[PDB]
């Protein structure tokens, strides 16, 4: 357990799917967000990242949003909770595209996400 492959959901209802993990820790997959900053139609978006291949692995990944000019990165660690269920504790940075360097200071949001298996 704490295999990162497969499907996960966060408390927002977003879906993270990790398709494969390589021996050097590299992984690829897709992200489907339940929420967004604008009203454009949300589309499945690709991700790439890395995990440690340790007990309780740390990891990070980037999502290249297919429907906006934003990028989000997450980093976190996997643990088993009290019930022995896998949980990914993460923090994220959401970069929005600014028109000019003078507005750069406005361009980065932060938050936490908690991912668990689909019940």
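Residue numbers count along the first chain shown, from 1.
As the entry records it, the average C-alpha temperature factor is higher for 78 to 86, out of 46 to 54 and 78 to 86. Among the modelled residues of its chain, residue 37 has a C-alpha B-factor that falls in the highest third according to the deposited record. When all modelled residues of the chain are sorted by CA temperature factor, residue 19 is found within the lowest third. Sort the chain's modelled residues by C-alpha temperature factor and residue 102 lands in the highest third, per the entry.
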